[PDB]
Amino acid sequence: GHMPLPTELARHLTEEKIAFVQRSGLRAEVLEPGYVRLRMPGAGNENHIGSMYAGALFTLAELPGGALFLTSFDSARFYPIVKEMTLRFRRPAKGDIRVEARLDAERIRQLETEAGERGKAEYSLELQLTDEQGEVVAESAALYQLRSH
């Protein structure tokens, strides 16, 4: 079905399940069906020139893929496969950086219909990572393949 895990529990999962992610201090601000918002703290994630390291920005952009899948898709029937991800670093990322990712229920229905019928469906997430002033510091594009069990 599409019943997401109880929120508070899902937040701990998102922030702690993967040690690599847990060590970065990544926090989940919102975990809803069709909408996730995460925050990567600047502290501890700085690079060699006073801004967020590219790998931390990548992690922030990558996580919504799995988080949004769990809150929006029927995980008992399908599973996601990430084919590739592209990051564009537009400006120095200073302070805490956030990202929002959306996929409405209608889109999920179309995708799962296709995945169910043909065995797989392709979809993507194009996100904007923003700083405290709302400026876009980086943009990501991730190509996913919805696969049926």
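Just count from 1 along the sequence shown to find any residue number.
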item: Segment of higher mean CA temperature factor, 18-26 or 121-129; value: 121-129
item: Segment of higher mean CA temperature factor, 105-113 or 27-35; value: 105-113
item: Third of chain Cα B-factors occupied by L143; value: middle
item: Third of the chain, ranked by Cα B-factor, where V137 sits; value: lowest
